[PDB]
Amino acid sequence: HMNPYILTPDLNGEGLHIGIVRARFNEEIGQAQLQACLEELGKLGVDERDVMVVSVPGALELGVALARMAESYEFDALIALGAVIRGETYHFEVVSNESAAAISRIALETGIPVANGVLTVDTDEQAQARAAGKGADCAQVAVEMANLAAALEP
């Protein structure tokens, strides 16, 4: 059959510089995600002296923070952490839609991959069930995408 050139994913974090932005709304979720995220990054070989962590009040403030960090081009990839948890109103949909749209835009316009670790759930229990796993996944996504972006960069 057809056999094209397949770029193999690269999960080696050695030498990578990673920036993390953590929303503090429903802060216990952000904390659990960050803990699991750092643990995984170190497991992938990311030096702890090469990781910066910043926090913002809520998920709507992620975009402006991530935008500045990507503009500096000091980071091979960024990570957004936080949790939008549904309350009583339509504001759940507004914050979920807008935070994701900002994250997606930053990666597209600056070339810096941004892992989206922002949960958008109905209950505190759903956020707790996903916090630790989501943090670790974001660490793997940031390492893999930093390396893929480098591979596609001349």
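Numbers for residues come from their place in the sequence shown, where the first is 1.
- Relative to one another, 35 to 43 and 93 to 101 have unequal mean CA B-factors, and 35 to 43 is the one with the higher figure.
- Highest C-alpha temperature factor among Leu62, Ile29, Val118, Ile85, as the PDB entry reports it: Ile29.
- Sorting the modelled residues of the chain by their CA temperature factor places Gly13 in the highest third.
- Sort the chain's modelled residues by C-alpha temperature factor and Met2 lands in the highest third, per the entry.
- In the PDB entry, a CA B factor belonging to the highest third of its chain's modelled residues is recorded for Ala70.
- Among the modelled residues of the chain, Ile106 sits in the lowest third by CA temperature factor in this PDB entry.
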